[PDB]
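What follows is one structure encoded as structure tokens, with my remarks underneath.
Heavy atoms only: backbone and side chains are in, while hydrogens, waters and symmetry mates are out. Letters A, B, ... are given to chains in the order of the sequence lines, protein chains preceding strands, and every chain is numbered from 1.
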Protein chains: 2
Amino acid sequence: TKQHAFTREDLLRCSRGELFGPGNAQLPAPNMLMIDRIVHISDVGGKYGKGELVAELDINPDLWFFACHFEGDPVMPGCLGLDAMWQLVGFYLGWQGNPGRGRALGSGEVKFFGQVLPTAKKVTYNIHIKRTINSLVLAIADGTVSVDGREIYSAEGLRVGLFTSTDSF
Amino acid sequence: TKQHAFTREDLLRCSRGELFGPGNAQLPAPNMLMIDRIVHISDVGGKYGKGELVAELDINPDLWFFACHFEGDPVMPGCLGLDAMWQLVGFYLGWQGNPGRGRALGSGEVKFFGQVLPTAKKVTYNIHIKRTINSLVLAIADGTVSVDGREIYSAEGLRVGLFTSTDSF
Ligand SMILES: CCc1ccc(S(N)(=O)=O)cc1
Ligand SMILES: CCc1ccc(S(N)(=O)=O)cc1
């Protein structure tokens with residue numbers, strides 16, 4: 001609950017398990033990491049009064065996914081923008097001090113109504129925590145993805161849980 | 001509608017635009033390609049009588065996503081299994097002979113209730129086409145992801161569209 005913004009170096013330390021500690025929530029390392037900075041995190045406010053994250057990803061034409069997705073038709077995979085929203089809900093649970101490894105549990109409705117081209121400058125994730133539940137610790141959230149000011153994706157009911165050292169599916 | 005099974009080499013040709021032709025549906029190239037083979041495709045049968053795909057991904061411990069997702073806690077990203085299901089609905093539309101580039105438009109409910117560990121042998125995608133619509137050509141489908149016989153993910157209302165040479169969001 002202490003730090004309210006995170007640099008790329010903080011997120012890389014998070015990917016190594018060195019932000020929240022071993023066995024606690026981790027962000028992916030490159031090349032699955034789809035966040036450069038967390039600009040804002042709070043446990044109050046947001047759309048539901050249960051907290052909020054704002055995060056950013058810098059875009060340049062040399063990002064790996066543009067070359068393979070698709071050849072002659074470069075576009076950021078929608079699945080990776082959706083993934084960033086799950087990863088941020090996991091980061092939220094770890095930031096609150098809960099123990100365990102993050103797992104995405106699913107989502108209600110996802111809509112893609114725009115795309116991230118290699119000319120774009122910045123993707124912004126807005127995450128609104130809707131509820132946190134305690135057999136598992138889990139969070140439910142809504143999220144949007146925007147590119148250069150324009151909303152392009154929405155997700156309702158993102159669900160992420162934490163799995164202690166004994167938890168399996 | 002001609003070939004009913006596809007090898008990895010066919011899917012790589014598809015990723016180059018050389019299966020359905022330039023400007024038509026493409027699978028991603030490595031490292032976003034999450035399918036090794038299409039074992040079965042039909043435009044009849046399936047759960048809704050509007051067609052079916054069965055596809056497979058071989059798992060081994062050296063797949064790139066295990067090293068970065070997560071360090072000390074390797075698990076196939078759920079977003080990439082979900083992505084394979086969108087990519088197969090796109091492949092279906094191209095296989096029917098429709099023109100245009102594929103874009104995922106979203107999904108109804110997604111559930112993850114299992115995980116793909118680096119000890120697993122094979123992921124299987126089962127896609128049931130629910131409806132195809134003609135301003136855009138689009139398909140709606142349900143899908144499951146299974147690992148070594150065990151169902152682990154479900155998606156209802158996967159939605160994929162085709163964008164001609166003039167189409168934007
Ligand atoms: C070719 C169909 C298609 C197109 C784009 C995606 S995306 N952008 O990975 O979610 C998935 C599937
Ligand atoms: C750490 C939270 C988390 C855990 C796993 C995923 S997944 N497997 O990329 O969909 C996403 C987010």
Side-chain angles (χ1 to χ4, degrees), chain A residues 3-15 19 25-66 69 74-96 102 104 107-130 139-160, chain B residues 32 77 79 82-83 103-107 168-169:
Chain A
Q3 188 174 336
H4 298 277
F6 295 85
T7 66
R8 186 164 193 262
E9 288 308 322
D10 296 327
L11 299 194
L12 290 179
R13 217 150 42 74
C14 184
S15 76
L19 185 63
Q26 291 173 268
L27 290 170
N31 285 335
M32 273 304 303
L33 179 59
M34 292 298 135
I35 310 156
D36 278 323
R37 78 190 64 86
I38 297 173
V39 160
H40 179 79
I41 180 171
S42 175
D43 52 14
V44 297
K47 189 174 235 273
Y48 301 103
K50 306 242 60 95
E52 192 184 280
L53 303 91
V54 185
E56 295 174 344
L57 177 66
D58 295 330
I59 302 302
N60 69 65
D62 301 322
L63 290 178
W64 68 272
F65 48 68
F66 283 133
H69 187 285
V75 60
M76 186 183 180
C79 68
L80 289 181
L82 175 55
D83 202 56
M85 295 192 285
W86 281 316
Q87 297 289 352
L88 287 163
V89 175
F91 183 98
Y92 183 81
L93 286 173
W95 180 83
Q96 282 187 309
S107 51
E109 188 166 58
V110 175
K111 295 175 162 198
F112 301 151
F113 43 91
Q115 68 191 336
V116 180
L117 293 178
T119 54
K121 296 304 161 150
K122 196 163 65 166
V123 167
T124 298
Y125 311 106
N126 280 270
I127 310 301
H128 303 284
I129 305 299
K130 189 166 169 144
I140 303 174
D142 298 343
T144 68
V145 181
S146 302
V147 62
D148 300 332
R150 178 168 172 181
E151 289 182 354
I152 56 167
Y153 314 159
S154 64
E156 293 180 358
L158 298 160
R159 302 174 44 91
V160 176
Chain B
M32 273 304 303
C79 68
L82 175 55
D83 202 56
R103 294 294 188 268
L105 301 180
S107 51
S168 292
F169 284 102

Locate the shortest heavy-atom distance separating [X] from [Y]; write the atom from each residue and the value.
| X | Y | result |
| --- | --- | --- |
| A:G81 | A:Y125 | O-CE2, 3.7 Å |
| A:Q3 | A:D10 | NE2-OD2, 3.0 Å |
| A:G46 | A:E52 | CA-OE1, 3.3 Å |
| A:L80 | A:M32 | CD2-CE, 3.9 Å |
| A:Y48 | A:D142 | OH-OD2, 2.5 Å |
| A:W64 | A:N31 | NE1-O, 3.1 Å |

Query raised in the report: Can you name the ring pair (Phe, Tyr, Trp, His ring centres under 6.0 Å) partners of A:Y153, sequence neighbours left out?
Result: A:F112

Nearest 0.5 angstrom please: [X] [atom1] to [Y] [atom2], how far?
| X | Y | atom1 | atom2 | answer |
| --- | --- | --- | --- | --- |
| A:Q115 | B:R103 | CD | CZ | 4.5 Å |
| A:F6 | A:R37 | CZ | CZ | 14.5 Å |
| A:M76 | A:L63 | CE | CG | 8.0 Å |
| A:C14 | A:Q26 | SG | CD | 7.0 Å |
| A:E56 | A:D36 | CD | CG | 8.5 Å |
| A:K111 | A:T144 | NZ | OG1 | 13.5 Å |

Determine whether [X] and [Y] make a side-chain contact, defined as any pair of heavy atoms from C-beta on separated by less than 4.5 Å.
| X | Y | result |
| --- | --- | --- |
| B:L82 | B:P77 | no |
| A:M85 | A:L158 | yes |
| A:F113 | A:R150 | no |
| A:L57 | A:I35 | no |
| A:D43 | A:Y92 | yes |

Query raised in the report: What do the steps show when you test A:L53 against A:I129 for side-chain contact (heavy atoms from CB on, under 4.5 Å), and what is the final call?
Result: CA-CA 8 Å; A:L53 303 91; A:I129 305 299; 4.3 Å; yes

Requested in this report: Kindly determine whether A:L19 and A:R13 satisfy side-chain contact (heavy atoms from CB on, under 4.5 Å), including the steps that lead there.
Outcome: CA-CA 6 Å; A:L19 185 63; A:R13 217 150 42 74; 3.9 Å; yes

Report task. Show your reasoning for whether side-chain contact (heavy atoms from CB on, under 4.5 Å) applies to A:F91 and A:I41. Result -> CA-CA 10 Å; A:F91 183 98; A:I41 180 171; 3.9 Å; yes

**Report entry** Residue among A:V75, A:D148, A:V123 satisfying side-chain contact (heavy atoms from CB on, under 4.5 Å) with A:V116
**Finding:**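 Per the side-chain contact (heavy atoms from CB on, under 4.5 Å) rule, the option paired with A:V116 is A:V123, out of A:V75, A:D148, A:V123.
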
Requested in this report: Step by step, work out the side-chain contact (heavy atoms from CB on, under 4.5 Å) result for A:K121 and A:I59.
Outcome: CA-CA 5 Å; A:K121 296 304 161 150; A:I59 302 302; 6.0 Å; no

